[PDB]
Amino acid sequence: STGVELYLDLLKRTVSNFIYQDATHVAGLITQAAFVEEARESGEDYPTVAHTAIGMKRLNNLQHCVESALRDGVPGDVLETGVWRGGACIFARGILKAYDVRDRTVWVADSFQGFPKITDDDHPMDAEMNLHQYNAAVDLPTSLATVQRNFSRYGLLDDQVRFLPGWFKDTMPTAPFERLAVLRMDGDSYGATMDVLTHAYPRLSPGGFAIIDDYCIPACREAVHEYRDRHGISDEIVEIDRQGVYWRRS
């Protein structure tokens, strides 16, 4: 175990709070508050304190994607769309820091207000799901200032972390990045997924990775397949855990 391996291993345990094992909110299928190791390992609970909810398997996937991009010389930045308390983005910045990468940026995109209120412009599956109803229940609204504060606690708030506050339909089309090596999508809805695929995926480098955190949600999956069909994308969809999948852009 090298210094780098030890740091990144600890960083994953810390952002997911395997260290102190905070209770989960009781919501959805989670019926008790107790920390359950298997649930945190696969990112299935709603941490009361942890900086990410994606779990160890999806953190490991993020590491694999970033390391592979670095190893293979895939150009570009890392973007996460849907960051909550920022833990996955903190981890991404940590990976770059561990390898002393100074020429890539972690872009942190969120409304910083939780899920949007549904209107008649929403896809019917998003309207039915109405994720907005869960904002308070899982402490989803997390301000930009809080996310910045969280980065600073790890010593990782610096000029290689850039923030894109706003709804993805507004921020993605003109987001100032030129190229992405990893595009990590974690907005849950058809709308958020389609917004980001439409406006950010064209900037994903060949050899880069597209991660769909919420593929288990029918609305999200619907967007993925509609987008891939439209663009003739046949790159293998690889399952990570019970929620997430990814593909590598050929």
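From 1 onward, residues are counted along the sequence shown.
Taking the PDB entry as given, 70-78 carries the higher mean Cα B factor of the two stretches 105-113 and 70-78.
When the two stretches 38-46 and 191-199 are set side by side, the higher mean Cα temperature factor goes to 38-46. The PDB entry gives the largest Cα B-factor of the residues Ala181, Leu29, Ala219, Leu62 to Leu29. Of all the options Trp84, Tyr99, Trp167, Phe91, the entry's greatest CA B-factor is assigned to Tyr99. Per the PDB record, residue ranking by Cα B-factor puts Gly55 in the lowest third of the chain.
When the CA B factors of the chain's modelled residues are split into thirds, the value for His25 lands in the highest one. In the deposited entry, the Cα temperature factor of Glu226 places it in the lowest third of its chain's modelled residues. Sort the modelled residues of the chain by CA B factor and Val245 lands in the lowest third.
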